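**Student:** Mind looking over this structure? Questions follow.
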Ligand SMILES: */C1=C\C(=O)NCC/C=C/[C@H](NC(=O)[C@@H](NC(=O)N[C@H](C(=O)O)C(C)C)C(C)C)C(=O)N[C@H]1C(C)C
């Protein structure tokens, strides 16, 4: 069965599925967990960084795209670089030409359409990475979940990666609470760290192992690593 | 997409062989035999017309001997259509050389070019190779009379006597048996007809099944002459040599 | 502008002025008309500042790549041809540069190449390039000998730029000196014409014309 | 067959994975970083006594403050080095400063995924991934001495010590224990030289192994046989000492 | 312009080329060799636009050398000149044409005869007993038209040049700083190091 | 200035009784400077002759082009090209460079081997075919040539007579043109044989 | 148009088309090169599957890239031509731009790159060729000998052989070539080469061509006799025992 | 989109055969019989109009086509392939010959051009060979009258007479008997009609047969007067009427 319809993305399975996209989608589940959540004043990203040896470094999971927008990845690191770079250009273009900050909702539509192009044309491969985008624009704080299938969604919070279902349930439970943590970043971040910890198993989150980013009202998107995140462990 | 139907005509076998080149050769092996014999005072080209008939017009016909230059000609073994494509590019190449240097193109230079074209269809393009093998017979003031051979692979070599097409093994053996360095053109002419006569799959070697050409330095002049025999000229030479 | 480079028993001498003009306006008196391609390679500038300064820097990059690639310092001849061929690509487009590529390699010894935006490339012992060239040639030609103490040659070069700075309205500011030996090039200071002229006048008794 | 950029059901790119296999067959290469500099060591591995061993170049210079070692199909690394050198020199021409070691690495990694038969993202022209890994080592004012492992996947990591090639898994295991944040350049040299000896089928001498280092003061240098040989000796003695 | 002279005697071709290189107001060099050897028995002298001059000569050189290696043979002088004409002929209709004039002197080891070819930037080729590019012609063409014989020796030829070079130093407005002479013959190409007083 | 006036030279063709003649001067100069007196401007491919006045480089180029084309034509057609056909080939070849033409004044002369009829034609620089039954003139002294021909010429001259006539037309025309002369050559063409003669003329 | 990835990785990390390219080499006639203390010699065997050729015109196996460097090979002949051309072209180009002929190492690095390139470019198969390139760098007397293969890998050798039965002749060379003391003579160097070929050519003075390269563009190919003689003086060495 | 079929669709099999060409030839065999006969003063080409429906108007479809005013063609095999081949053939006679020399191409050369077009569809990327074989008959001043056959391979040969399609074997034999080098055009036309008869099952009249010839010049068919050297086209397609009048003396 499947074996006859998963050789590329230009083929539908007898049931209407696109396996190559689905396999790509799998690369994400195999990636390190990362969480995203937002109040009305801020949006926060929390990610678990993974290392190779103990002689190695911890691969970065958060990327800044503009002063008001940024994301966290799960899956193929290269693809995240490609996509985030594309998002940087779109942000940049919106400013240079229209002197306008690219709306998060729009950034999402762009990513979706860019991804979609590599799922209907022979030769291309879908992107193998999931992205959580947060930003503060003219309509406030936002959080988006991007999938290689092209599906981009706006949420209050979410998580992607291995054991991610843990955190996602927590947030889906905490909702009414954190969505009101306005005017208090340290509280939203703590809620974020508590969410991600629900997806732990191997170890516990350390200092050169945790990564957090935040954007908000009068807060340019900034990443925190190492001792910078110590006050949250 | 397309990948599914791609034969991949340009790949190595686990043995390091070029499938298509091999198969192309396999095709050539069933083509009318062509023989080239080089003597001290000239060269000889002889080929057996594959598929003939009472109705086939022969005075108008040509399927194995083509004039490339005034001092160069080739004998064909394989797909005529494929051969013509190459032959024409060859005629053009010779004229270009002439235009650039105001000198007739040296025989090997023309052969290397054609061989190179072939070689290409072997390394890139995804297209099939030309199912052709040429016996080149030409003359220039640097190496005098020369006899060359090129095949689907894109490789070429020089010869004193050589055959291409069907029954080459048999033909080669017979030539290897009676060829002698000091041969004279007419000697070569006979050896040629004899070999064919012995390898022919037909009953008798009649003129209506042959094409003949000679590049001799017409003594009464001092220059070289190319001559493709006409039906009757082949019919005559066929009697003299003793095959009537 | 005045730039000169010459070969002698003790290697190569390179001297330049430092004035930049935009028409008759004096833009600067402190421009570096000598590009240090590397420890053994120097380039002089004449013509358009931007053109020389830019392309000669670019040359340095090309030389460095050559050395990484071939594991060896590039030859003066080759360095000069990189510039020569590049400049020829733009022939007719408006580049303006009278250049000197000078260096010392074990295989070539002291070598000087003249390269202008015309596509002209020449090897020689003496070359004076710029609006002040003739003036420098006047002094240099009639005091040059193959046997000059590395100290005398240095002064002859400096003095030649001095002559040019004086007569040429487009030359002036200060003098920048260099000495090139197989060990590499050695910088021999920046001499402001403001003080240099009077000093030379008084000590040498020349420029007897000017009122002192 | 199957596209050169097809995903496996596990979410991996076949060609990249297989690429990694060819690298496991490569000649050992080890990199150790210390606050005194980074050391790069490699197994020559001549396939015959007639092969002039010093014509084996598996440690090359990117720039004066960046050098790198390779493992796997080494012919594949020529263009990577070219690109790397060009990037390094170019950054200097445009910014009048040295290229950061990490950026240089990131640049090399960006070529990595530029393969395919027509991938919808730009114009990736290269029929297959590279079949070689790299240990890029250098120093810059921003993050001092650094060691990077760059793979055909396009990803790269920073290591205090890293071994790639045929004996990697084993040698890495050793490095895990041997390495400590106070190692000296000298110590690192012997450590590399030692681990190389343990994994090499051949009897490690100054002809089938090569050392090199990168220091802020003298840049990237490749130890000449005479120098390395004496380090070999200096090692035998210390070992035979206990 | 520069002085480019060529005279084909009995068993050789002699090329004389002014040594001066002047740029505007100053003569920058007095030892310039306006020549390139295309093959062991083929020499080409040139004059014209500042950049194109050498660029074209070296380009032709590279090609003739490449042909030699590939064929392990040396093209006849006639053939070499025909190649050169074709190149200039293309140039004349290109975006930016080579402004170069040349003289090609070669010894045809086959025919065993010296040959002189004159070719301008337009691709105009002519074979002559003697030729010249620029103004030089206006003086020498009648000098040689007078004192010239087909069977002259290389020695006689060199004397004929001396005659020409003198007239040029007498009537030409510029100081071309003397010429560099070269002889192409059955044994190849050599320079007459002693002409600055021969 | 005028490219067709850099080198100079003239060509002229004439029809006689079962014969055709075509002549040319031998000058190749550069403005006032005479450079070569051995620059023949007549060529032939098989039994078809082609004279070409104009810019020397193009004269050479066109000859090399028509040789190339006539050679391939023979290899494919298995016969030598005829005057009429060649005229067409010359015309289309020139018009192909309509907006950047060769600066030449082509003249064709020959006898149709199948009909034995004499043939001559002239063309402007972009191919305009002028097929005359009496004569064709070309070159920097074409005005003079027209004057000579229009008077001297008369139908069906015998080879020996046509030769006198064409030679006198050429000779006297060239002597009034500063850019023509320096020697002439004349071809008398008959079905069987073709004779070539060099004329003795002023060398100034 | 055509850009199919013909050379790709397989599960075990192999690139079969490249490997199969080597197989083509293994099937090619033998080629060998040994460097003396003041010269390098190249030897090649001539197949005999057919014999009635014209050796005058049949293209030989040792090719000149420039006047001071030569290249021999084992594998597909058609392929070798394309490499030899590119090399000769690069040679002239290098002289034109650097105003200096290529070093043997440079020329080798170039050819190797062309081969490597054809192993990771779409629409093409690797060269079924392996080469031996030798000569003397401009103004240098230290003999140079290098070898390249389909993969794009190269390196220098004191002596090396490629082609059929190369395994054998390499053995002979490994126990007959002393780096400590290289064939101090052109003669003794050319002898060692013929000896090594005799291990596989099985008596064929007409099936063995030699080429001697000396410093300063001194390249010459020996005749059947000159060669036949070495064959003679060598066969006696044996009998005399 | 974009044709990704840049590779050959016709390749060599281990036996040395080029399948697609073989198959194409097979398609030709299945085709309706067509033949050609060269006389001493003309050539004739004919075939059967196998109307594929009694409601179709066979006149609106010609199997015998004029390429140049002295060259005509007929085929066997795939009608649509032949049609586009005829257009290409008529155009190439212009673009590659008449526009250069101001005269129509001689038969062998035009045939040579058509042949090439077919050869290319045998090696080019993404295509199949043409499923037809042609019989070109024409006349040129230096070669007189000629008859040619062009196969899907791109090969061509000159004939005194021959037939292709369904009953080619049988027809060829009937021609080898009746042909001689002294036939006058009318004789060939007759032999033609006789040969064709055998290959025709039911109706056999000027409406089910299509025949044209290359013979004398037809000034009457020129369309204008005043230019001596322009004497008219040698190609002429017989009319239904002309065919029947002949069948009466058959
Ligand atoms: C050497 C003096 C000269 O050799 N020649 C006189 C011309 C001077 C050029 C240079 N100064 C400049 O180039 C000035 N910039 C300039 O002219 N820019 C152009 C413009 O029109 O704005 C551009 C290139 C179209 C400015 C940089 C002073 C000068 O002073 N030349 C000196 C020496 C080489 C600096």
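Chains as they are written, first to last, in the authors' numbering: chain E, 4 to 60, 63 to 180, 18A to 18F, 183 to 204, 206 to 207, 2B to 2E, 210 to 233; chain B, 4 to 63, 63A, 64 to 144, 14A, 145 to 200, 202 to 204, 20A to 20B, 205 to 216, 21A to 21B, 217 to 218, 21C to 21D, 219, 21E, 220 to 239; chain K, 1 to 105, 10A to 10B, 106 to 181, 183 to 211; chain D, 9 to 123, 12A to 12G, 125 to 144, 14A, 145 to 180, 18C to 18E, 184 to 202, 205 to 209, 20A to 20B, 210 to 233, 235 to 244; chain J, -1, 1 to 90, 90A to 90B, 91 to 105, 10A to 10C, 106 to 181, 183 to 193; chain I, -8 to -1, 1 to 36, 38 to 105, 10A to 10C, 106 to 122, 12A, 123 to 179, 181 to 194; chain C, 7 to 62, 62A, 63 to 143, 14A, 144, 14B, 145 to 180, 18A to 18D, 182 to 203, 206 to 243; chain A, 4 to 102, 10A, 103 to 147, 14A, 148 to 200, 202 to 209, 20A, 210 to 217, 21A to 21B, 21D to 21P, 218 to 236.
For each residue, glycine too, the CB sits at the ideal point set by N, CA and C.
#1: Whole-angstrom Cβ separation of residue 197/B and residue 51/B, contact assumed at under 8 Å?
#2: Quick one: does residue 103/A have its CB under 8 Å from some CB of chain B?
#3: Could you list which residues in chain B have their beta carbon closer than 8 Å to that of residue 13/E, in chain order?
#4: From residue 157/E to residue 93/E, what does the alpha carbon distance come to, in whole angstroms?
#5: Taking Cβ-Cβ distances shorter than 8 Å, what residues in chain J pair up with residue 104/B?
#6: Alpha carbon to alpha carbon, what distance is there between residue 210/C and residue 236/C?
#7: Could you check if residue 128/K belongs to the surroundings of ligand 1, using beta carbon to heavy atom distance under 7 Å?
#8: So which residues on chain K does residue 103/C lean against when the C-beta distance must stay under 7 Å?
#9: By Cβ distance below 8 Å, which residues in the same chain neighbour residue 232/D in space, the five residues on each side in sequence not counted?
#10: Am I right that residue 232/A and residue 190/A are in contact with their C-beta atoms under 8 Å? What's the rounded C-beta distance?
#11: Quick one: using the 10 Å Cβ neighbour count with 16 as the cut-off for buried, is residue 60/A buried or exposed?
#12: Hey, could you find the ends of the alpha helix (DSSP H) residue 93/D is sitting in?
#13: In chain order, what are the residues with a CB under 7 Å from some non-hydrogen atom of ligand 1?
#14: Closest by CA to residue 39/D, which one among 235/D, 126/D, 230/D, 175/D?
#15: Mind pulling the chain B residues with CB within less than 9 Å of residue 85/J?
#16: So, is the C-beta of residue 170/E closer than 8 Å to a C-beta in chain D?
#17: Can you find a CB in chain C that lies within less than 8 Å of the CB of residue 96/B?
#18: Should the segment 158 to 167 of chain C be called in touch with the segment 51 to 61 of chain D, which here means at least 3 C-beta pairs below 8 Å?
#19: Within 8 Å, do at least three Cβ pairs link the segment 98 to 110 of chain B to the segment 67 to 87 of chain I?
#20: Which residue from 155/J, 103/J, 9/J puts its Cα closest to that of residue 131/J?
#21: Use the C-beta contact count for residue 87/A: other C-beta atoms within 10 angstroms, 16 or more gives buried, fewer gives exposed.
#22: How is residue 124/E classed by DSSP in three states: helix, strand or coil?
#23: Would you list, in chain order, the members of the segment 145 to 165 of chain B that have their beta-carbon closer than 8 Å to a beta-carbon of chain C?
#24: Just tell me which of 186/K, 201/K, 193/K, 178/K has its CA closest to the CA of residue 12/K.
#25: Would you check if there are 3 or more beta carbon pairs closer than 8 Å linking the segment 37 to 52 of chain B to the segment 163 to 171 of chain E?
#26: In chain order, what residues of the same chain have a beta carbon less than 7 Å from the beta carbon of residue 113/C, not counting five sequence neighbours either side?
**Tutor:** Taking the definition as stated:
#1: Contact flag correct, Cβ pair sits at about 6 Å.
#2: For residue 103/A, the answer is no, since every Cβ of chain B falls outside 8 Å of its Cβ.
#3: Under the 8 Å cutoff, chain B gives 4.
#4: Distance between the alpha carbons of residue 157/E and residue 93/E: 17 Å.
#5: What residue 104/B touches in chain J: 77, 78, 81.
#6: For residue 236/C and residue 210/C, the distance between alpha carbons rounds to 14 Å.
#7: Indeed, a heavy atom of ligand 1 lies less than 7 Å from the Cβ.
#8: Result: 78.
#9: Same-chain partners within the cutoff: 190, 191, 194, 212, 224.
#10: With 8 Å as the limit, residue 232/A and residue 190/A qualify as a contact, their Cβ atoms being about 7 Å apart.
#11: Exposed.
#12: Here the alpha helix (DSSP H) through residue 93/D covers 86 to 103.
#13: Here the residues close to ligand 1, judged by CB distance below 7 Å to any of its heavy atoms, are 1/K, 19/K, 20/K, 21/K, 22/K, 27/K, 28/K, 31/K, 33/K, 45/K, 46/K, 47/K, 48/K, 49/K, 50/K, 51/K, 52/K, 98/K, 128/K, 129/K, 168/K in chain order.
#14: For residue 39/D, the nearest C-alpha among the options comes from 175/D.
#15: Near residue 85/J (Cβ distances below 9 Å), the residues of chain B are 101, 102, 103.
#16: False, the Cβ-Cβ gap to chain D never drops below 8 Å.
#17: It does not; no Cβ of chain C falls within 8 Å.
#18: Short answer: they touch.
#19: At 8 Å Cβ cutoff, the stretches do not touch.
#20: If we check each option's Cα against that of residue 131/J, 155/J comes out closest.
#21: So residue 87/A counts as exposed.
#22: Here DSSP, grouped into helix, strand and coil, assigns residue 124/E to coil.
#23: So the list reads 147, 148, 149, 154, 155, 156, 157, 158, 159, 160, 161, 162, 163, given in the order they occur along the chain.
#24: Minimum Cα distance to residue 12/K is reached at 178/K.
#25: These segments do not touch.
#26: Excluding residues within five positions, the ones whose Cβ falls inside 7 Å are 138, 149, 151, 157.
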